[PDB]
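Working notes, structure below.
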Amino acid sequence: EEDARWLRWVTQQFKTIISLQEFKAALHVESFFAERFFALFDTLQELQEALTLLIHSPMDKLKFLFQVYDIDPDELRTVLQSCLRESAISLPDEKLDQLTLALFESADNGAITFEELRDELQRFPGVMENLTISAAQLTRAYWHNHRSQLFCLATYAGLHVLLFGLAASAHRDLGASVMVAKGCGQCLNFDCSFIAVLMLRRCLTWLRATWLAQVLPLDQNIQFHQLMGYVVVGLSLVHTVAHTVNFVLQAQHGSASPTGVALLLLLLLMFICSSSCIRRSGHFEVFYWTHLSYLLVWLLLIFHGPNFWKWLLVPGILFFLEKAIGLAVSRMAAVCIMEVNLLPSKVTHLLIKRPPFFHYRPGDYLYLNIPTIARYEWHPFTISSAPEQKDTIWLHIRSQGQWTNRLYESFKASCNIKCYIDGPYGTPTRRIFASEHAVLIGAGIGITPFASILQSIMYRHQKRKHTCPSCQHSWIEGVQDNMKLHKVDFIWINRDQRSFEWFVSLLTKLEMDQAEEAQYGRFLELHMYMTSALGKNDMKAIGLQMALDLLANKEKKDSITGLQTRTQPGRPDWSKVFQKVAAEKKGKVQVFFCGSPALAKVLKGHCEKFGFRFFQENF
Amino acid sequence: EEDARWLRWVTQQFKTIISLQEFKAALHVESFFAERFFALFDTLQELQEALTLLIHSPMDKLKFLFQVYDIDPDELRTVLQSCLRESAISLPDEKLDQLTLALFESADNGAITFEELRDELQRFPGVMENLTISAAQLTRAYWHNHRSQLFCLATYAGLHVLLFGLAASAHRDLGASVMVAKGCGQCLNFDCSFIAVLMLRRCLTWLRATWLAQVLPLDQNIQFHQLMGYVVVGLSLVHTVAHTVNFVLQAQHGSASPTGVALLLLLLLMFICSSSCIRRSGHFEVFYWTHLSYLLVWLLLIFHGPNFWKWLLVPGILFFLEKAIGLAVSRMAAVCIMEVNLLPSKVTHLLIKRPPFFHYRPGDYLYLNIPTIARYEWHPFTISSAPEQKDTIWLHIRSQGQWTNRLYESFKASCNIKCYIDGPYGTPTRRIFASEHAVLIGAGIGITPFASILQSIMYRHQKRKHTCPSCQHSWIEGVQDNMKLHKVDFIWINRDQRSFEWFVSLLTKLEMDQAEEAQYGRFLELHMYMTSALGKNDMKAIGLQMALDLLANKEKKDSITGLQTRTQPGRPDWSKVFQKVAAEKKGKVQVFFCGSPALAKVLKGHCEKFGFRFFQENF
Amino acid sequence: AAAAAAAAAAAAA
Amino acid sequence: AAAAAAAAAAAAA
Ligand SMILES: Cc1cc2nc3c(=O)[nH]c(=O)nc-3n(C[C@H](O)[C@H](O)[C@H](O)COP(=O)(O)OP(=O)(O)OC[C@H]3O[C@@H](n4cnc5c(N)ncnc54)[C@H](O)[C@@H]3O)c2cc1C
Ligand SMILES: Cc1cc2nc3c(=O)[nH]c(=O)nc-3n(C[C@H](O)[C@H](O)[C@H](O)COP(=O)(O)OP(=O)(O)OC[C@H]3O[C@@H](n4cnc5c(N)ncnc54)[C@H](O)[C@@H]3O)c2cc1C
Ligand SMILES: NC(=O)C1=CN([C@@H]2O[C@H](COP(=O)(O)OP(=O)(O)OC[C@H]3O[C@@H](n4cnc5c(N)ncnc54)[C@H](OP(=O)(O)O)[C@@H]3O)[C@@H](O)[C@H]2O)C=CC1
Ligand SMILES: NC(=O)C1=CN([C@@H]2O[C@H](COP(=O)(O)OP(=O)(O)OC[C@H]3O[C@@H](n4cnc5c(N)ncnc54)[C@H](OP(=O)(O)O)[C@@H]3O)[C@@H](O)[C@H]2O)C=CC1
Ligand code: HEB
Ligand code: HEB
Ligand code: HEB
Ligand code: HEB
Ligand SMILES: CCCCCCCCCCCC(=O)OC[C@H](COP(=O)([O-])O)OC(=O)CCCCCCCCCCC
Ligand SMILES: CCCCCCCCCCCC(=O)OC[C@H](COP(=O)([O-])O)OC(=O)CCCCCCCCCCC
Ligand SMILES: [Zn+2]
């Protein structure tokens, strides 16, 4: 259809004007494809004849493109770049390089020839069909997601209105500038003291395990802290201008005001150094030191706020209790990063040698620390390797910020770095492994625990396949006191596989490893929806990844043919999905969700309709 | 030897005097045995002839005793009672009844006859040899055990001396009766407030998991509380006599003194009702209600002690925080007691139907509550059933007090009672199952967690024995990611099997179930030392128990013959024990201890000498 | 006594 | 460029 429309537009443009510039003007393009096309064609007769051979046979189009670019690794890469409609979801440049190297290598010792490249391409099972062949805000779901964060902000702002009003009411006598100063002061009392508590990452790991994470957001703490910081830096400035306007009106000693100048300067230091520009530049120790002055802001303020010491006492005792409860070897282990693979789309894969007595459940995160990157920063990362894997511990660290970017870009320029992990934290997932026909649903980017969970499911499910050493009558034993599932679905819904190419390759690996066994029964079904690729024609970058993975583990297309038809574009149709889950009879379905709350309620509705036992796992 | 000495003493007594009273006087005895002996003998010739037949053939002695008691269940029981030198360790009366019923039943429809009873006795493999056949404070180890308790008492008494002295020093102005009253008051402030904290059984379950239990005693809390109670009842009486002597000296309004009379009366109520006589009698709700007045003693005292509210505030906030953190269904489960077996020596065996999602590690206790016994009392009990047992949960509840006695004696007069258990608490024992040639050592009565641990070891070790369904080539697979042990010793040292007859039967059961396999390798070795039976002749009550258990599970004596030679009397010889453990090569020995600290240090010495990795498990 | 009834029940059982 | 050297090294490897 597009070829016919292109031909019609060319015929209309030809009748409207052939020079090289006119040809490019008709094509509405600078184009290396256009210049070589002219050089190989060198009139209306020539253009129509060339187009007819180019229009009226995909392999012929690819040969045409080959001769156009023919003027051999770097050139074939440009051919494949020309043969990809990079529209919504894309093939990462690392995977593109791998694909081009795989074609060029198996084809050929120097440059390749298009004739044998043709049969080499036909030899690839899935590269042909996936290479496109051509020449050239307001929703109820939004508020349903953000109602918890909005209620936290509203409680904060309401408490501030309460304190400001109660202070300005009592101090209504003093005129027009002690009201403002007293209001701002009564606010600062609470703002500082409780800007402390947001950083009890020894207590957030405990509150996150409970159901409280479902009601109040526990992952916004760092940026609620950066918000209390800004309100402090605003209210202290208003406090200071109020107390200097008051002294000016008094114009027309004590240790309260000079400590005030000291606090204003210390806060402007903690506010200038805490910007993004200080950690964006590779200064991760300079940020940490200048913030270490929150002690001096907390010291000067005790000698400033006559009643401040109570505020600072309760959260301050909490905070230093925690900072003391954590010492050098509390739960740390100076493990060694064994290998570091830089997966495509800027994600770092760390294999860190497992500590001997390091036992974790699947879906357990850990706080990672790498002194080469940042000496005092502890970021949390989900263990994306099943516990049954005994040698190493995986972590897939997607570049979402300044520390993780530093980790990647530091390894890219270059692997035994010094690493101090901090223990396994996580909700227990034994509800899953004690179930039947679980339906693991996951949405968005919170699926790194599903990597560990699916790998552990598959390890435990292949562990119950015994093979007799004598007569090799391999049978399948029943439940093994650890696992009970008769079936496991997994539905991954995400806008695109942007940083999760490792996850798509993981789902491909699980389907490869249990599609040789699917003739008699299929245990795991791995769905995938993309919700941004409008039509299956757009999900051709994932077909390329799967056909590329089929060549690291040399297998037949029938291994993936199950996953190819469950890798769908656009949103799901939950009616059909749950109804098919119901059509199978493998136990009592127990949906497990890990995603936003609007989708959580949609699924809870459909689930309690169909009679499944919904859950919402918070990992 | 004893027969010859008896004969010599009889010959000497005969030459010193035969009437029935003279015969009893010579025997130094009322004796049903003596009267029948006279009646069957009816002179020096008769006595010597009867003794010669009685002296110069064990079965003949038993037939003699039979004819003596012959004048048939109750009579045979007396025969066996006569044929047992109940000296240091004993055969419990329930086991005696079982033994007599087992003999009488298999022998015979009415009374039994001694002739066939002879061959019936010879048919029992171990009953013959174990039935004796005849006619008739200051040690460094002590302080090493109690140094922690002594340091706790010394810190308490030193803090009291500090408070009393600091109060009587400042108030040295007021004369000779406000010094005493002020000292006692400054003591009461702390005594009440911190008599609270000892009852944070939601925090003791957390402190007991840690290593702090090794340094300070966490099992004396109830009776440190009963000690702070008595010091409060003494100091408040001295406080009151001081403030009445002071007012008498003032003889020669306010709300401080009448609240004083109220506090004195409330404390005398909490002290009269809290005696032992109130819970010894089956009043377990009356004790709980009258103690519920600690609130009113805590109320009146806020209106009494001007500074008391701070003391009461910190531990009082702690205490009510805990009492609120625990609510109706926090971790409770209104399980049903399936069956109740009353094991011998007053121990109750509860099988409580396991809650579906009740997962515990071996060695995990639980707080049991039975409203029929005591409506508000929660006693802790170790789960003595391996987690692999899926149906029920065992608890062996030895009668050591008033609630446990009430439970037993209530079931004895009589089984679906209402039970609200409270969760699994316990230190992780994965150090054991991840080891090789573990040496579980246990001493005293703290071995109920070793029951669960050994049952779980054996379940997991038999789980790795696969049997091919086709050709039945049964092989033994290697480690299964849960268990690694190649060998497991277990040494149980105790003064006697007083309440632990169930444990001796459990060790017998484990040896029966893995002696049918020992022909090629022996996994578990179960030692037993008795440390109060001076010689192996005394450990004949355990031989009877083992020969009785060999007849519930009909087996050959070769099943136990391993355990019979490892069931030794008197203390161990640790040199030989550890040296034999070293002679075997099954990995690196990892001793695990559960017992007193004097023995812990003895074992740590021997262990670090031999090169094993000592532990001290605190369960 | 109690054990006689026990033997009677065991024989009857 | 950089990828040409990569292909050369891969062929040599
Ligand atoms: C349980 C858990 C598991 C996670 N697992 C992964 C994972 O496997 N891979 C991955 O790429 N990311 C993961 N993250 C999120 C995130 O990328 C890292 O945890 C962390 O943000 C890395 O710091 P950064 O320098 O990239 O962030 P920054 O650039 O410093 O900040 C950017 C964003 O990260 C947040 N952030 C910053 N510092 C922290 C911190 N210390 N803890 C949490 N959030 C922070 C900020 O709120 C902001 O949203 C996980 C988060 C949680 C809570
Ligand atoms: C972890 C743990 C596991 C135990 N497991 C068992 C078991 O399996 N079988 C068994 O017979 N005993 C066990 N006990 C000890 C004891 O018999 C019971 O825990 C409890 O004492 C029963 O109350 P009681 O009425 O018999 O005690 P009481 O007659 O009221 O008191 C007598 C003794 O018991 C202690 N005691 C009283 N109340 C409690 C209480 N609530 N908690 C702890 N100690 C108390 C007193 O300090 C005193 O030493 C265990 C104790 C602990 C700490
Ligand atoms: N405790 C809390 O307060 C939590 C809050 N959140 C909030 O979740 C919000 C959303 O994050 P995000 O996960 O990106 O938003 P979504 O959950 O909307 O995106 C998740 C996936 O669900 C798909 N999806 C959404 N609605 C439907 C539907 N009706 N039927 C089928 N598929 C659907 C989306 O596709 P499409 O692209 O078509 O939407 C997207 O691919 C975040 O802003 C965060 O604040 C997250 C976790 C917990
Ligand atoms: N955290 C703490 O503070 C703890 C304190 N304890 C204290 O432990 C004290 C003792 O309780 P108990 O366990 O009865 O005392 P023991 O530990 O002495 O009795 C335990 C067993 O060990 C045997 N035994 C003792 N010494 C030796 C030895 N040198 N060689 C071989 N066997 C030996 C004893 O036999 P014999 O009969 O010959 O002694 C006894 O059978 C209690 O009073 C309690 O206070 C208990 C646990 C921990
Ligand atoms: C932090 C931050 C901050 C800052 C910066 C400041 C700064 C200041 N400031 Fe201030 N304040 C404050 C915070 C603050 N502040 C507070 C919190 C308070 C308290 C208030 C109350 O409490 O009332 C005050 C208070 C306050 C007062 C009162 C007095 C008393 O003591 O009472 C005054 C006068 C002030 C001044 C001042 C000045 C002058 C300044 C500058 C120079 N100061
Ligand atoms: C005074 C008080 C205060 C203030 C004002 C502040 C203010 C602030 N801040 Fe802060 N912080 C703080 C206090 C504070 N702060 C603390 C305490 C902490 C913690 C640290 C640690 O942990 O050590 C923090 C921390 C923090 C962090 C973390 C780091 C990591 O990553 O890990 C961040 C990001 C921030 C930011 C901030 C900002 C932006 C601001 C504004 C200015 N901080
Ligand atoms: C709990 C027990 C107790 C008791 C029973 C008592 C009882 C009494 N008490 Fe007596 N108190 C007390 C505990 C007490 N308490 C205290 C704790 C105090 C405080 C002291 C101070 O802090 O200094 C007092 C104090 C007191 C005082 C002082 C005053 C004020 O407020 O400062 C007085 C006068 C009294 C009296 C009295 C009396 C008269 C009596 C009897 C009737 N004291
Ligand atoms: C005022 C304060 C006080 C006092 C004085 C006392 C005093 C006393 N206490 Fe008493 N307790 C108490 C407060 C008290 N408390 C408390 C709070 C408790 C807890 C209870 C519950 O937990 O609820 C007790 C508890 C108690 C117990 C536990 C019960 C069971 O077993 O579980 C006992 C045994 C007692 C004893 C006693 C005594 C003997 C005395 C002396 C009188 N404690
Ligand atoms: C353990 C403790 C848990 C605490 C939970 C705290 C939950 C609430 C945290 C709120 C943080 C926040 O606003 O998010 C940063 C936003 C971007 O958020 P998102 O849309 O990416 O989710 O970036 C923004 O756009 C911020 C705009 C917010 C402006 C609010 C002004 C409030 C003024 C108050 C004055 C009294
Ligand atoms: C979580 C908190 C943990 C707290 C740990 C407390 C550890 C110390 C508890 C002391 C309790 C105690 O004394 O034991 C009761 C003894 C019998 O003990 P045992 O010999 O059976 O172990 O029975 C007695 O014989 C008691 C005699 C003690 C007399 C002490 C007098 C002290 C007077 C002080 C006045 C200021
Ligand atoms: Zn076989």
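Here Cβ is always computed from backbone atoms with ideal geometry, including for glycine, and neighbour counts include all displayed protein chains. All of the numbers you see were taken from the coordinates with simple rules; none came from a lab.
How would the stretch A:2-130 be classified by its alpha-carbon gyration tensor: rounded, prolate or oblate, with rounded meaning a/c under 1.5 and the a/b versus b/c comparison settling the rest?
Verdict is prolate for the stretch A:2-130.
Once you put a point 7 Å from the Cα of A:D513 and another 7 Å from the Cα of B:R172, both along the Cβ direction, what distance in nm separates them?
8.0 nm
For B:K487, which sequence-distant residues (separation of 5 or more, or a different chain) have an amide H within less than 5 Å of its own amide H, given hydrogens modelled in the peptide plane?
Residues meeting the criterion, in which the H sits 1.01 Å from N, are B:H437, B:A438.
Please give me, ordered by residue number, the chymotrypsin sites (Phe, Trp or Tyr not before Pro) of the stretch B:344-407 that lie in loop per DSSP and have at most 13 other Cβ atoms within 10 Å.
Passing sites in the stretch B:344-407 are B:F357, B:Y376.
Working from the alpha-carbon coordinates of chain B, get Rg over Rh, Rh being the Kirkwood radius.
With Rh from the inverse mean 1/r over Cα pairs, Rg/Rh is 1.06.
Compute, for the stretch B:140-325, the length of the dipole vector about the Cα centre, with Cβ point charges of +1 (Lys, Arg) and -1 (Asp, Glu) only. Units Debye, rounded to 20.
Dipole magnitude for the stretch B:140-325 comes out near 380 debye.
Over the stretch A:429-531, what portion of Cα pair distances is larger than 22 Å, expressed as a whole percent?
The share of Cα pairs beyond 22 Å in the stretch A:429-531 comes to 34 percent.
I'm checking a number: the convex hull volume of the Cα atoms of the stretch B:359-479, normalised per residue, in Å³. What is it?
Measuring per residue, one finds 154 Å³ for the Cα hull of the stretch B:359-479.
Please say if the stretch B:1-56 is rounded, prolate or oblate, where rounded means a/c under 1.5 for a ≥ b ≥ c the square roots of the C-alpha gyration tensor eigenvalues, and otherwise the choice is prolate for a/b larger than b/c and oblate otherwise?
rounded
Hey, rough spin-label estimate for B:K556 and B:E409, points 7 angstrom out along Cα→Cβ, what's it come to in nanometres?
Placing both labels 7 Å beyond Cα along the Cβ direction yields 4.9 nm.
Counting other beta carbons within 10 Å of each Cβ, put B:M128, A:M530 in order, fewest first.
Exposure proxy ranking, most exposed first: B:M128, A:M530.
Let me know the mean shielding of B:473-480 by other chains, meaning the per-residue number of their Cβ atoms within 10 Å of its Cβ.
That average works out to 2.
May I ask you to sort B:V232, B:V314 by Cβ crowding, counting other Cβ atoms within 10 Å and putting the fewest first?
If I rank by nearby Cβ atoms, fewest first, I get B:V314, B:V232.
Based on the Cα atoms of the stretch B:162-291, what semi-axes does the equivalent ellipsoid have, where each is the square root of 5 times one gyration tensor eigenvalue, given in whole Å with the largest first?
Taking √(5λ) for each eigenvalue gives 33, 21, 11 Å, largest first.
With 10 angstrom as the radius, rank A:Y230, B:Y420 by how many other C-beta atoms surround their C-beta, starting from the fewest.
Final ranking by Cβ density, sparse to dense: A:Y230, B:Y420.
Using the Karplus curve 6.51 cos²θ - 1.76 cosθ + 1.60 with θ = phi - 60°, what ³J(HN,Hα) values do you get for each residue of the stretch A:551-561, in whole Hz, with x for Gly and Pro?
Per residue, the Karplus-derived 3J(HN,Hα) values read 10, 6, 9, 4, 9, 8, 4, 5, 5, 8, 3 Hz.
What distance in nm lies between label points placed 7 Å from Cα along the C-beta direction at B:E94 and A:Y376?
Taking the two extended label points, one gets 6.4 nm.
Farthest toward the dipole's positive end in the protein assembly as shown, which of B:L227, A:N246, A:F303, given Cβ charges of +1 (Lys, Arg) and -1 (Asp, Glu) about the Cα centre?
Of the candidates, A:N246 comes out farthest on the positive side.
Using the beta-carbon distance between B:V314 and A:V231 and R0 = 30 Å, what value does 1/(1 + (r/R0)^6) give for FRET efficiency, to the nearest 0.05?
0.40
Could you give each residue of the stretch A:296-307 its phi-based ³J(HN,Hα) in whole Hz, using Karplus coefficients 6.51, -1.76, 1.60 with θ = phi - 60°, and x for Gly or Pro?
For the stretch A:296-307, the Karplus curve yields 5, 5, 6, 6, 3, 6, 5, 6, 10, x, x, 9 Hz.
What size of dipole, in debye to the nearest 20, comes out for the stretch B:496-619 about its Cα centre when the only charges are +1 on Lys and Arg C-beta atoms and -1 on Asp and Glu C-beta atoms?
In total the dipole reaches around 500 debye.
I'd like to know which of A:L312, A:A154, A:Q186 lies farthest towards the positive end of the charge dipole of the stretch A:140-325, counting +1 on Cβ of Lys and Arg and -1 on Cβ of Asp and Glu.
Of the candidates, A:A154 comes out farthest on the positive side.
I want to verify the translational diffusion coefficient of the stretch A:332-425 in µm²/s; compute it with Stokes-Einstein, Rh as the Kirkwood radius over Cα pairs, at 25 °C and 0.890 mPa s.
Using the Kirkwood radius from Cα pairs, D works out to 185 µm²/s.
What's the FRET efficiency of A:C277 with D:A10 using the Cβ-Cβ distance as r and R₀ = 41 Å, to the nearest 0.05?
0.50
Return the sequence-ordered ³J(HN,Hα) values of the stretch A:173-187 in whole Hz as given by the Karplus equation 6.51 cos²θ - 1.76 cosθ + 1.60 applied to θ = phi - 60°, using x for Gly and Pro.
Using θ = phi - 60°, the values come out as 4, 4, x, 6, 9, 7, 5, 4, 5, 5, x, 4, x, 4, 6 Hz.
If you take the beta carbon distance between B:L216 and B:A328 as r and set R0 to 56 Å, what does 1/(1 + (r/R0)^6) give as a FRET efficiency, to the nearest 0.05?
So the FRET efficiency works out to roughly 0.95.
Under the rule of at least 5 residues apart or a separate chain, name every residue whose amide H is placed under 5 Å from the amide H of A:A333.
Here A:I421 satisfy the definition.
Can you give the net charge of the other residues whose Cβ lies under 12 Å from the Cβ of B:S532, counting K and R as +1 and D and E as -1?
Residues near B:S532 contribute +1 overall.
Antiparallel as a % of all DSSP beta bridges within chain A, to the nearest 5?
In chain A, approximately 55 percent of DSSP beta bridges are antiparallel ones.
Of all DSSP beta bridges located in the protein assembly as shown, what percent are antiparallel, nearest 5?
Given both bridge residues lie in the protein assembly as shown, the antiparallel proportion sits at roughly 55 percent.
Relative to a virtual label point 7 Å from the Cα of B:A4 in the Cα→beta-carbon direction, which members of the stretch B:47-85 show backbone nitrogen distances below 19 Å?
Flagged as within label range: B:51-58.
Quick one: which of B:513-524, A:323-334 comes out on top by average Cβ neighbours within 10 Å, and what's the full order, highest first?
B:513-524, A:323-334
At q = 0.06 Å⁻¹, what log₁₀ I(q)/I(0) does the protein assembly as shown have when each alpha carbon counts as one equal point scatterer in the Debye sum?
Ignoring solvent entirely, the Cα scatterers give -0.80.
Name the residue from A:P362, A:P380, A:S414 whose Cα lies farthest towards the positive end of the charge dipole of the stretch A:332-425, charges +1 on Cβ of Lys and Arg and -1 on Cβ of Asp and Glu.
Highest projection toward the positive end goes to A:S414.
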